[PDB]
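Accompanying notes for the structure given below.
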Amino acid sequence: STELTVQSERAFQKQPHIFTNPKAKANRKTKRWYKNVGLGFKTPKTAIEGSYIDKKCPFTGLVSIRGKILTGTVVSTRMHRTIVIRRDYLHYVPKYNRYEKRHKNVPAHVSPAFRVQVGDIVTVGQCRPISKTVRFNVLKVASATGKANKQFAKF
Amino acid sequence: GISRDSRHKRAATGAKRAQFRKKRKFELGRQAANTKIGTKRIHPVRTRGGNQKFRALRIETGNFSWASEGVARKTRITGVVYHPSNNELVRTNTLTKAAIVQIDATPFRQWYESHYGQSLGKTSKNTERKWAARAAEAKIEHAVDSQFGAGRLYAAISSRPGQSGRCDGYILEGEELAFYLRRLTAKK
Amino acid sequence: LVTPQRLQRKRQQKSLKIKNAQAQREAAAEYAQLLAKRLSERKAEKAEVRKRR
Amino acid sequence: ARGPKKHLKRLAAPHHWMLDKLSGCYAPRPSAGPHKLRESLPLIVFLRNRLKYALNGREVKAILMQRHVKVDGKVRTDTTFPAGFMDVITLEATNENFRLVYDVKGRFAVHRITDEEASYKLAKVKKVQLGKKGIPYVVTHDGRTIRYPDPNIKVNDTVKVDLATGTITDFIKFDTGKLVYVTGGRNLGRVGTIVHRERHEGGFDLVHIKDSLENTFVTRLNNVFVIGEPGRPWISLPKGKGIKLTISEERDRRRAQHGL
RNA sequence: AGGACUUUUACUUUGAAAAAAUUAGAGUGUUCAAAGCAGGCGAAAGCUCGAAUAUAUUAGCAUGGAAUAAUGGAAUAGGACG
RNA sequence: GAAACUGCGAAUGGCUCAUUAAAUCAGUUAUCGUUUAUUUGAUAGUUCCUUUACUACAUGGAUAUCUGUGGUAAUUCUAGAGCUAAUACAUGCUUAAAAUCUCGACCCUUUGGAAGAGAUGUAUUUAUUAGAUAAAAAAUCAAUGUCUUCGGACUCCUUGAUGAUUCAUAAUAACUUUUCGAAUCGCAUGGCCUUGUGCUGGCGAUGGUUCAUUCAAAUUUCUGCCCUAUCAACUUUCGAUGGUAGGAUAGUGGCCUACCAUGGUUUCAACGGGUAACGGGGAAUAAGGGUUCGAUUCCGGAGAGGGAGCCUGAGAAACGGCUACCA
Ligand SMILES: [Mg+2]
Ligand SMILES: [Mg+2]
Ligand SMILES: [Mg+2]
Ligand SMILES: [Mg+2]
Ligand SMILES: [Mg+2]
Ligand SMILES: [Mg+2]
Ligand SMILES: [Mg+2]
Ligand SMILES: [Mg+2]
Ligand SMILES: [Mg+2]
Ligand SMILES: [Mg+2]
Ligand SMILES: [Mg+2]
Ligand SMILES: [Mg+2]
Ligand SMILES: [Mg+2]
Ligand SMILES: [Mg+2]
Ligand SMILES: [Mg+2]
Ligand SMILES: [Mg+2]
Ligand SMILES: [Mg+2]
Ligand SMILES: [Mg+2]
Ligand SMILES: [Mg+2]
């Protein structure tokens, strides 16, 4: 779901105010800026050496992670550059002393540095309002597959 | 009267929210500046908490910066050639942020001449020794020399004339220019 | 109208400005000397650490 | 409400001003000043209620106007000045000096304290920043912005303002095993020693405090104010020294110390 | 106090929090009480103890426990260590 | 000491519950996503621009109040004339030194190194740089810097905060229909004698840029709402979900626009309908579990006949403020 071209749209895609000097003869790939979101969260090497842009990247973009940290399960990875996470919980009805299974759908913005798919449990972090509904940035794909790490059977 | 609150929008689910708390003053939105070229005419607007804002409609000259050697000069904007949002602004010569314009480019030219003196487009001993110590490091790339011979520089504006009132930006240079000229050749 | 009290006020403003500038520069110099002293102390400590190790 | 609010109804006043719920519809709203109004103490409350030197509003106004009150070496002629925690109130008449420290019930108790130490004040460091032209500065809890501080003074620390010049006299570094005061919540007025300060990556530092009676509790770091070294407080602690005797122990104190 | 890996929960103990008024409840002869946060004691010559506590059963934060209840490891070894 | 100009509040308070069912609100977070009069603490020499000719012992014009002439049937209706002031409106002066950048009347054969000239406060806007940091030694090539006791040694490099930043801050180039940098008041009027109105000089009051603090204001995370399926699919051409760029915003944000993607919610009850529903702290009731109520003494929200629109300010979509339509 990611275009091969590093910039695909009409506007140019650059990290604002990080400049690579063309007159210089170092001729490294580019000058890519990055940061660590803290909380003992490892920045992915796919973001470290990657070539995407993703204005709203917790690791490379301007957005900062602060506030709530929510763990959930991916219910929809199939809309562009964003994720829909199913968070399940038990509401405690006290008149019966009984619990009640309930679910909420939290939109978030997964960076291209992560490879997500339906069913992955994801640790996500609070940030600024990114869109009308997304307020969280995907920070870790804990379960990449879960039960699909081993697929084939060849003794 | 143009509100920017979220109440008039439908909910994430899609329900039509009922009207509530008729829109306030801390939620207002003002008219677009849709600036033009020529006969500088900046109108002050008194916004929230004082803080004079400046609408910069009809702006002709502004500061522009060169990143390679890092030098800024006041120069004239001469039309807009590309806009990443809407080509309608390009046809109407509406100047907003991130628009791509042409530059008279003379001030950069004789700054280069008094700085390196390579005679693009085709003394005291102190200046001669400065140039000798420079030792022709001014190996600036070929396309900028091409439009120097043409005489009009390709620049991308970076200031917001709608808010700041200025007309500041930077010249396209390096792969930047590359990208956009492809787009321009798409237009051509 | 020109009044000796007005000239007194003008002189007081000028003298207060000059005195405040002098005091600010003196404080800046003292803070710089304090920074130099602290830097010398920790540089001596670093040299001792390098020698011992 | 469209704009700021300038009225404080009596029931909405903090329960540490602890006024009478009758005999008045409103309560003195503290004007803007060095302290949060929820945490501060208006001068009218301190004089009319705590000291009873006055009788009502007009008397407090007359007291403040003739410049007998001196808050931290300054006159402060406004009725609802937020004289907050650790501020010094000087009355040249009766030559008396007060320092506002919470009694362990958690209230701004009347603390008559000596003239010699009244020259200075203590303060908690809430910020250490670099202002324009590269000048370091420190913001205390009073909002005092002290310029050119000691280079190794950090946040959450404590410092000793001379209160005359308003500069840096001495400071105490926040770390384990240090005498400390509590300035909010259930542990108001409590005084102890810092046993441990659990970091809690991501926010809301907590510190464990053990007092002289060997009781232990835990409090937020925003809520904490280092006051000195164990056995050597830098100020004169109020009567009781904030041990928080149990209600049964308080009853035993009432029974034992009793003469009529 | 620093890199390092952290199976994840549900549950439960403790604490910080849940504004005051209200409910509970301590002290107190408003003449008793509803109440109120007062008052008491000197020789009458200024000296004083107060304005206590608990609960809120959900959501969030920290913390100790590991029975009960659920999920995950190593089966193509692409497993663990040196 | 009337009146009036100026300044400030009039956006607090008081009343009502009509609208509103993830709406308000409660508990709990966030603003490294923003504005903030006031209060409190600090905060600026440069306004000179070629300085060998300027008001700084004080720059200009109006203008209310008032004196007189009216108009209308009347309204906190005011037109004409004549003076007059400011912390109102406009201008504008000093005033140091230092250091850093840039440009050179020359020489003397390199290690080239130097007479000298202009700018640099802050404010705004844009580019770029610094804003470090896990730990012992090398060779080499180039570039070429100090000292050389002419072997060569380079030994010394300064760096704040958070969990995190493009943060705080600093620096270069520039930019501005060029913001501020006291032409303001009260009391006491001391000291030096350069004994003159000379030189200085205290305590305050108002202002005033920026940064904090406080009163806040806006948004904002998780969870929690009454009845109803005789409401099962709802939303998107007119923004519905997301992407990007721009505009607007004080600021994030489909908040709006342009072009794309076709998405988002739902049997864990979405959407629709009803509420003689403002939410809550709480009230009645009481073995325990609960049921009903909460328009109203406190906290929030909304409203001023229903609707929209807006000036002034720090703060209003104000209504004991205006504009228009409807009644
Ligand atoms: Mg009100
Ligand atoms: Mg309560
Ligand atoms: Mg009772
Ligand atoms: Mg409904
Ligand atoms: Mg940088
Ligand atoms: Mg910055
Ligand atoms: Mg945008
Ligand atoms: Mg109703
Ligand atoms: Mg109610
Ligand atoms: Mg109700
Ligand atoms: Mg009703
Ligand atoms: Mg109310
Ligand atoms: Mg209203
Ligand atoms: Mg009516
Ligand atoms: Mg105002
Ligand atoms: Mg209205
Ligand atoms: Mg009315
Ligand atoms: Mg009103
Ligand atoms: Mg009116």
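By order of appearance in the structure tokens: chains A, B, ..., then residues from 1 within every chain, and ligands from 1 in the order shown.
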Exercise. Near chain C, which residues of chain D fall within 9 Å when you count only C-alpha atoms, and what do they look like as a list in words?
Worked result: residues 135, 148, 149, 150 and 151 of chain D
For this session: Give me every strand (DSSP E or B) residue in segment 4-109 of chain B, going by DSSP on the backbone, as a ChimeraX atom specification.
Result: /B:28-29,35,43-47,50-55,61-66,71-82,95,100-103
For the residues in that selection, give me C-alpha atoms as an mmCIF file, in the first residue's frame.
data_model
loop_
_atom_site.group_PDB
_atom_site.id
_atom_site.type_symbol
_atom_site.label_atom_id
_atom_site.label_comp_id
_atom_site.auth_asym_id
_atom_site.auth_seq_id
_atom_site.Cartn_x
_atom_site.Cartn_y
_atom_site.Cartn_z
ATOM 1 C CA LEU B 28 -14.088 32.553 13.672
ATOM 2 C CA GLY B 29 -12.460 32.268 10.266
ATOM 3 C CA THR B 35 -2.716 37.848 -2.889
ATOM 4 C CA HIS B 43 -3.949 45.613 5.171
ATOM 5 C CA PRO B 44 -3.656 45.193 8.950
ATOM 6 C CA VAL B 45 -6.223 43.036 10.721
ATOM 7 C CA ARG B 46 -6.586 43.181 14.505
ATOM 8 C CA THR B 47 -6.856 39.556 15.593
ATOM 9 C CA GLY B 50 -4.011 42.331 19.623
ATOM 10 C CA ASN B 51 -1.185 40.773 17.610
ATOM 11 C CA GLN B 52 -1.565 42.746 14.373
ATOM 12 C CA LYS B 53 -1.795 40.428 11.381
ATOM 13 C CA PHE B 54 -0.976 41.626 7.870
ATOM 14 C CA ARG B 55 -2.835 40.618 4.721
ATOM 15 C CA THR B 61 8.890 42.372 -4.167
ATOM 16 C CA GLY B 62 10.236 40.297 -1.297
ATOM 17 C CA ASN B 63 13.272 38.685 0.262
ATOM 18 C CA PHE B 64 14.612 35.435 -1.196
ATOM 19 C CA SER B 65 17.390 33.206 0.126
ATOM 20 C CA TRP B 66 20.008 30.983 -1.526
ATOM 21 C CA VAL B 71 22.764 34.579 1.019
ATOM 22 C CA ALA B 72 19.484 36.497 1.048
ATOM 23 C CA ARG B 73 18.534 39.396 -1.212
ATOM 24 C CA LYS B 74 15.481 41.547 -1.850
ATOM 25 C CA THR B 75 14.165 40.878 -5.348
ATOM 26 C CA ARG B 76 11.023 41.061 -7.454
ATOM 27 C CA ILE B 77 8.494 38.280 -7.912
ATOM 28 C CA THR B 78 7.585 38.059 -11.610
ATOM 29 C CA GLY B 79 4.542 35.822 -11.947
ATOM 30 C CA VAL B 80 3.785 32.340 -10.614
ATOM 31 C CA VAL B 81 4.601 29.269 -12.701
ATOM 32 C CA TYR B 82 3.388 26.363 -10.532
ATOM 33 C CA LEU B 95 0.422 34.026 -4.681
ATOM 34 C CA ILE B 100 6.637 28.561 -7.351
ATOM 35 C CA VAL B 101 7.553 31.904 -8.890
ATOM 36 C CA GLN B 102 10.150 33.495 -11.155
ATOM 37 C CA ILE B 103 12.772 35.931 -9.897
#
For this session: Based on DSSP run over this structure's backbone, return all residues of segment 7-107 of chain A in alpha helix (DSSP H), as a ChimeraX atom specification.
Result: /A:45-48
Residue selection dump (N, CA, C and O atoms) as a PDB file, in the first residue's frame:
ATOM      1  N   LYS A  45      14.669   0.645  12.608  1.00  0.00           N
ATOM      2  CA  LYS A  45      15.718   0.902  11.629  1.00  0.00           C
ATOM      3  C   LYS A  45      15.133   1.183  10.252  1.00  0.00           C
ATOM      4  O   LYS A  45      15.768   1.858   9.433  1.00  0.00           O
ATOM      5  N   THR A  46      13.927   0.678   9.981  1.00  0.00           N
ATOM      6  CA  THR A  46      13.233   1.041   8.750  1.00  0.00           C
ATOM      7  C   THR A  46      12.911   2.529   8.715  1.00  0.00           C
ATOM      8  O   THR A  46      12.790   3.111   7.633  1.00  0.00           O
ATOM      9  N   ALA A  47      12.745   3.153   9.883  1.00  0.00           N
ATOM     10  CA  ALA A  47      12.642   4.607   9.949  1.00  0.00           C
ATOM     11  C   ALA A  47      14.019   5.255   9.996  1.00  0.00           C
ATOM     12  O   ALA A  47      14.187   6.399   9.555  1.00  0.00           O
ATOM     13  N   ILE A  48      15.009   4.540  10.533  1.00  0.00           N
ATOM     14  CA  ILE A  48      16.345   5.105  10.693  1.00  0.00           C
ATOM     15  C   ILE A  48      16.996   5.335   9.334  1.00  0.00           C
ATOM     16  O   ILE A  48      17.540   6.413   9.065  1.00  0.00           O
TER      17      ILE A  48
END
Using only C-alpha atoms, find each residue in chain B having at least one atom no more than 12 Å away from chain D; report its shortest atom-to-atom pair and that distance in Å (one decimal), rows by chain then rising number, as a tab-separated table.
residue	atom	partner	partner_atom	distance
B:24	CA	D:2	CA	10.0
B:25	CA	D:2	CA	10.2
B:26	CA	D:2	CA	10.5
Atoms to include: N, CA, C and O atoms. Write the selected residues as a compact mmCIF listing (two decimals), in the first residue's frame.
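Generated file (selection-v2.txt):
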# COMPACT_ATOMS: atom_id res chain seq x y z
N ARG B 24 -19.26 30.80 18.22
CA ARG B 24 -18.66 31.80 19.08
C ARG B 24 -17.74 32.73 18.29
O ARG B 24 -17.70 32.71 17.06
N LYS B 25 -17.00 33.57 19.02
CA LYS B 25 -16.02 34.45 18.41
C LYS B 25 -14.61 33.86 18.39
O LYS B 25 -13.83 34.20 17.49
N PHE B 26 -14.28 32.99 19.34
CA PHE B 26 -12.99 32.31 19.36
C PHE B 26 -12.94 31.13 18.39
O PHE B 26 -12.02 30.32 18.47
For this session: Please write out the residues within 8 Å of ligand 13 as a list in words, counting only C-alpha atoms (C1' of nucleotides) and all ligand atoms.
Result: residues 2 of chain D; 302, 303, 304, 316, 318 and 319 of chain F
May I have the selected residues written with C-alpha atoms (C1' of nucleotides), as a PDB file, in the first residue's frame?
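Writing the result to part_37.pdb gives the following:
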ATOM      1  CA  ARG D   2     -17.402  34.708  28.558  1.00  0.00           C
TER       2      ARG D   2
ATOM      3  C1'   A F 302     -26.577  26.987  27.231  1.00  0.00           C
ATOM      4  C1'   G F 303     -30.027  31.382  26.540  1.00  0.00           C
ATOM      5  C1'   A F 304     -31.772  36.521  26.733  1.00  0.00           C
ATOM      6  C1'   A F 316     -18.814  39.054  23.519  1.00  0.00           C
ATOM      7  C1'   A F 318     -22.544  40.601  24.464  1.00  0.00           C
ATOM      8  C1'   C F 319     -28.123  41.488  23.800  1.00  0.00           C
TER       9        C F 319
END
List as JSON lines every residue of chain F that is in contact with ligand 1, defined as an atom at most 9 Å from one of its atoms (using only C-alpha atoms (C1' of nucleotides) and all ligand atoms), together with the nearest atom pair and the distance in Å rounded to one decimal, sorted by chain and then rising number.
{"residue": "F:12", "atom": "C1'", "partner": "ligand 1", "partner_atom_place_in_ligand_line": "1 (Mg)", "distance": 7.0}
{"residue": "F:13", "atom": "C1'", "partner": "ligand 1", "partner_atom_place_in_ligand_line": "1 (Mg)", "distance": 6.4}
{"residue": "F:14", "atom": "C1'", "partner": "ligand 1", "partner_atom_place_in_ligand_line": "1 (Mg)", "distance": 7.9}
Exercise. Within 10 Å of residue 100 of chain D, counting only C-alpha atoms (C1' of nucleotides), which residues qualify if same-chain residues fewer than 6 places away don't, as a PyMOL selection string?
Worked result: chain D and resi 40-41+46+83-89+107-113+238
